[PDB]
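Engineer:
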Amino acid sequence: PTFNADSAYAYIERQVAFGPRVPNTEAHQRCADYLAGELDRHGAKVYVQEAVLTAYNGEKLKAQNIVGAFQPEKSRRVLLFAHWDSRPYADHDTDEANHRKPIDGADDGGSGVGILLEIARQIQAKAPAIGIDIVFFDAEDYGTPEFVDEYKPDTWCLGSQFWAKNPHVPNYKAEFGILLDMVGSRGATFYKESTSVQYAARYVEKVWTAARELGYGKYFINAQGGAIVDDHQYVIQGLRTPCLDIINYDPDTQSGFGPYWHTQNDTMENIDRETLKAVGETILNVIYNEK
Ligand SMILES: [Zn+2]
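Pasting the structure below:
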């Protein structure tokens, strides 16, 4: 079917228009209703995991993991996921005055949700043969900031850790999983992420092959990228479900992400419909080609 990059663009704009999706803010709460409501409008049976999660600083985060289960009676299922919270710190900003102030997270948060929001629209209009679980993970981007010296493990991906050990349905199972992260920036290039190739090799090939078949090899690069801490690591760990990350890899930065990453430059100004189009068209092709 047709992926509407313009609609996925408006869904990103709608989230960011709330203000930053920082856990324990009202903008976060209004956005939680908005995301779950849209999933339900497009035929999903919606599950909201409310969990009080502890950030690196000991703060209790009132998180919502949002699960849209499509055709929930189908036993053969694919997991599509992304994080929806916005980081509380622009801790890589060039202005130190912004280091403890939140980011809009248009690309880091908004893009991966927005694409999956249009997917929900498309699969309500043309039901796929397989079941689809759309999962929006909370409290992914609240990890220890650069301006804190002490290291603690697993302070990122707080929501995906909870769900992976506490699924929304008992014995939840997916054939494989596809994570979308920072999938809207102008000039994005998604290299094959190392954790993905390790545990989801057959599906990295599935996604990268389909992407080139559709003409999106300029986006899905046939080369290896970084080893990345992301939500797909904790779903792999917890369910042993093979998961891949479609995540921007920027080889020119020290961090490996776009220059706006964890800055207040992560706004709608960077979102590229053609980047959105590539990712959305590719995933729609693969899921409808699952039997
Ligand atoms: Zn982030």
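Take 9 as the starting number for the sequence shown in my numbering and just add one per residue. Virtual Cβ for every residue (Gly too), placed ideally from N, Cα, C.
Kindly indicate the opening and closing residues of the alpha helix (DSSP H) around residue 191.
Structural biologist: As a position in the sequence shown, residue 191 is number 183, starting the count at 1. Unbroken run through residue 191: none, as it is neither H nor E.
Engineer: Excluding sequence positions up to five away, which residues of its chain have a Cβ less than 8 Å from the Cβ of residue 24?
Structural biologist: Residue 24 sits at position 16 when you count from the first residue of the sequence shown. For residue 24, where only same-chain residues beyond five positions count, the Cβ hits under 8 Å are 112, 113, 114, 118, 275 and 276.
Engineer: Evaluate residue 208 with the Cβ neighbour count: other Cβ atoms within 10 Å of its Cβ, from every protein chain shown; 16 or more gives buried, anything less gives exposed.
Structural biologist: One-based indexing of the sequence shown puts residue 208 at position 200. By the neighbour-count rule (16 or more Cβ atoms within 10 Å), residue 208 is buried.
Engineer: Just mark residue 108 as buried or exposed, buried being the case when its beta carbon has 16 or more other beta carbons within 10 Å.
Structural biologist: Counted from its first residue, the sequence shown places residue 108 at position 100. It counts as exposed.
Engineer: Closer than 7 Å to a non-hydrogen atom of ligand 2 - does that hold for the CB of residue 242?
Structural biologist: Here the bound small molecules are ligand 1; ligand 2 is not part of this structure.
Engineer: Should residue 228 go down as buried or exposed, given a rule of 16 or more other Cβ atoms within 10 Å for buried?
Structural biologist: As a position in the sequence shown, residue 228 is number 220, starting the count at 1. By the neighbour-count rule (16 or more Cβ atoms within 10 Å), residue 228 is buried.
Engineer: Rounded to a whole number of angstroms, what is the C-alpha to C-alpha distance between residue 152 and residue 116?
Structural biologist: Taking the first residue of the sequence shown as 1, we reach residue 152 at position 144. Taking the first residue of the sequence shown as 1, we reach residue 116 at position 108. Whole-angstrom Cα-Cα distance: 16 Å.
Engineer: Roughly how many angstroms lie between the CA atoms of residue 2 and residue 44, to the nearest whole one?
Structural biologist: Coverage of the chain is limited to positions 9 through 299, which leaves residue 2 absent and any answer about it impossible.
Engineer: What did DSSP end up calling residue 17 once you bin it into helix, strand or coil?
Structural biologist: Taking the first residue of the sequence shown as position 1, residue 17 is located at position 9. Residue state, collapsed to three classes: helix.
Engineer: Just checking, does the stretch 83–90 make contact with the stretch 14–21 on the three C-beta pairs under 8 Å criterion?
Structural biologist: No: the two stretches stay apart, fewer than three of their Cβ pairs being nearer than 8 Å.
Engineer: I'd like to know whether the C-beta atoms of residue 80 and residue 139 end up nearer to each other than 8 Å.
Structural biologist: Position 72 of the sequence shown, counting from 1, holds the residue named residue 80. Position 131 of the sequence shown, counting from 1, holds the residue named residue 139. The answer is yes: Cβ separation under 8 Å.
Engineer: Please report how far the alpha carbon of residue 183 lies from the alpha carbon of residue 93, in whole angstroms.
Structural biologist: Residue 183 sits at position 175 when you count from the first residue of the sequence shown. Residue 93 sits at position 85 when you count from the first residue of the sequence shown. Roughly 26 Å between the two C-alpha positions.
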